[PDB]
Structure formats: C-alpha cells, structure tokens
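Next up: the same protein chain in two forms, each one alone, written as structure tokens (structure 1, then structure 2).
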Structure 1
C-alpha cells in the first residue's frame, strides 16, 4: 500500500483499481462489453422483470456479469448520483411535470405522494456517478443514492481530461427506498430532487 499523497485524486480510483484486480481477464472484458452496449441487457431484464431463460446467450453473460459485480464490497457508505429527464416518472407526468423551466407544484404533490416512502426496483444494472470535483445536474431530475457499506458494486472509468468521473455500477435487481423528494430552486431553473437509499 503506497502513501496516498493528496488523498484520492479522483474519488473512486482506489475502489476501481481494487475491483479490477479481482476480476478475471474474461470478466474484465465482459464488463467492457457491457459498458459498450448496455441497452440489450437492460431492456431484456426490464422486459421480463429480471427473470432469465428467454434468451440463452444473453442469460449466460448476465450471470457472469452478476458474479463479477460480487467481487467488491463497499468498505464505507457512499453517495452517488444520476441525472435524468422527466421520462423517469413515466407517462402520467413526463410532459406535464414541467412548464417553461419550472416545476408544476400541484403535479409535484401528486408525484411525491406516489413515490415518496416506497420501495422500488431497477431490474437492469444501474449506472451511477461518483462526485469528485463536479456534479452535473443540468438535467431536470437529479437522483442521489445512498449505497450502504457492505453492498456490492462495480466501478467503470468514464474519466477524460476535461469531463467524466468514476462510475459506480450497481448490480441488477437493486432495491432502493425513496426517502425524500423536493424541488431545488436554482438561480434560473428548478430541479426535481430524489433522495433514495439502496436496500442491501
């Protein structure tokens, strides 16, 4: 263990290296493979609510990817984030929840009532961002996730010279409790905030 001068240069670099060490060569390539084209995997898991058996070749990779994600446990509780469009809320609210750069308060109240306090599931693998020096909240919806110590997760390197951070790749079938929803009033915009806790 070398001395960590300046602490972590970008948050998640330690966890990324450690996880990478435990992965077999075939696993590491499968992770890259998933990262390149995630959509066929995640639409499949969503279409069938996490049940396997429909597509044998896909099923085999999903099982291997699941095991790879098992290799690293979180040493400490962390916070990760997601930017999303109003499509996150589904047909009833997408088009309505906003009107001209501001949140519809009455529709927000209904939205808060349906989601807040409930436990939900992401059948696909969940990509989240780890804050280092910047948090990209340009999107209307910002979701913050508390990932508990002892949870399983993977790490993907999305970092470039000017933009990008480490990704925390959550296992498929992740459960989360929607702790709180509120409107962040920015200078010149409004953001819908979702604060959730990953149940392990």
Structure 2
C-alpha cells in the first residue's frame, strides 16, 4: 500500500512527503501554534497545501489500528507536571483529565504520524494512544525515520478523533496513561 500511494504521487509530492517525515517538528509546531489555520508564513503554507494534496491521493485499504507515544505535555500546563506524582499517576487529577477528555472529539492540528505494531509496541513514554483508522480514510504509509519498524502511517493535519476510553495501565515499574480513540 506504500507502493500504491507512491504510484499516484508526482515526483515533487514524494520529495515533500519525505521532507516532512524527516523534518516533522517544524511543520507541526507551526500548525499547532496557529490552531491549524494558514496564512501566517506564506512560504511554508505553500508546502502544506501540497502535502495536504498528496495525502488526499491516499485511501486506506482496510480499517487499521495504529499507535503514538507522547509525554505529558500534550495535556497542557496544569496537567503536565501534576498528572504524575513520582512514578504514579495522580488519581484525583486523572479523574479530572478523563472527565475533560473521554467521550469527546479532539483535533490534532499537526500532521499525525502513527506507528504500526508488528511484533512490538514501543510504549515507554508516559502516554500511549491507540487509534482506529477507518477503511477509506486519507492516510498514507511512509518510510519510518528510525530505520524500529519499516513503516509509519501518516494522517492528514486537522485529523479529528473521538476519545472512546481513557485509563491507567499499571505496569511492574511504571504507570501508563492509555488513550483509545477512533479517527473520524
């Protein structure tokens, strides 16, 4: 399916997709800073429009499960340093986070790169999100820049996802905040 998408892309689109995957943070910090709206730096806007179009030429062949690790900063300043107390999740504060989050639809302003489980799921960061991406969704497989697994699944910017469930996974020497979500 990496091959099917690649055959649909122009030469400049392939270059651009690779440019993004290898240099993702500056694209995504720009998008997040402006809540997914363009017009702030017209030059990067030009690339973003082309990357959007490249991704529109992709269509997922079947429904798939993918995942993302994140640190606690994705929750904002109030939760970032208070959601963990030492190595355990703050139970009272988690309650507040879950009520704030669960059942609701969120938007990721940046492009959404996700990993695919082969024989392993790399869940060492404090937050783990699994996402169900429906058949037919715009989503393209890309070369992973960690040379870990071969491919990642790249979703459009402004992806909307519903948080279906949220809970704490208690491990032997850590606790993980687990987010289960479905892409709209």
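Take the two forms, find the largest set of C-alpha atoms that superpose within 1.5 Å, and that set is the rigid core. Numbering follows the first chain given and starts at 1.
Summarising the superposition on the core between structure 1 and structure 2, the listed residues 28, 152, 139, 55 contain exactly one with a Cα shift of 2 Å or larger, 55.
In the core-superposed comparison between structure 1 and structure 2, the C-alpha atom of residue 175 has shifted by less than 2 angstroms. A C-alpha shift of 2.5 Å is found for residue 44 between structure 1 and structure 2, based on superposition of the rigid core. With the core fitted, the CA of residue 100 sits 1.3 Å away from its counterpart between structure 1 and structure 2. Taking the core as the fixed frame between structure 1 and structure 2, we note the C-alpha of residue 110 moving 0.4 angstrom.
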